[PDB]
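Listed next as structure tokens is one chain, alone, in the form deposited in one PDB entry.
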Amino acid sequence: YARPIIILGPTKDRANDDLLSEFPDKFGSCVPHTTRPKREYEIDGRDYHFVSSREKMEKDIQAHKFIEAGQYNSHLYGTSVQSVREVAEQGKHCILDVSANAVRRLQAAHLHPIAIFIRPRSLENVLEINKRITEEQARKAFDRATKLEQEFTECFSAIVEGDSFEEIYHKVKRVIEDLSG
């Protein structure tokens, strides 16, 4: 059984991608839920779990069946504990892009997520670790990271830092195997 992964902070998206691209056997993603209509070639239980009733969803929600859920284009979307669960049962780390909120909800399900926080040392340090952004994008990212840390520090399984993404990525991989057992 494999603990799901929640990576937070600057470059978490590249981390998320690289783990998948490098270790596809050890990592995967769950199927999300949505109210919105199944399109032409789309598939129930592959693209999404589609829910017919906007209410049945809301019923499943408050019952806590979802670790995170929300509204887009006047339709609903969510990540069920279940869909996550089936990924984990498969022996695969479930890559999650979720609020730190979902971590509590995740712990509560006896699913034991590894929540890693990539910590920017400064503004400049964000620019070292992500070379595809402007100073101004970096300021915003450094600020999101400061609130994030200010708020959710205790939800973290680990905190990683580095002078390059390479170094960060390495720590991320170390942490995951170490806490995997």
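Note that the rigid core is defined as the largest set of C-alphas that superpose within 1.5 Å between two forms. Numbering starts at 1 and follows the sequence shown.
What comes next is about the form deposited in another entry, which is not displayed.
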(request) Would you indicate which listed residue, out of 139, 112, 38, 59, moves its Cα by 2 Å or more between this form and the one not shown relative to the superposed core? (result) 38
(request) Could you check whether the CA atom of residue 90 moves 2 Å or more between this form and the one not shown, using the rigid core for the fit? (result) no
(request) Superpose the two forms on their rigid core, then report whether the C-alpha of residue 101 is displaced by 2 angstroms or more between this form and the one not shown. (result) no
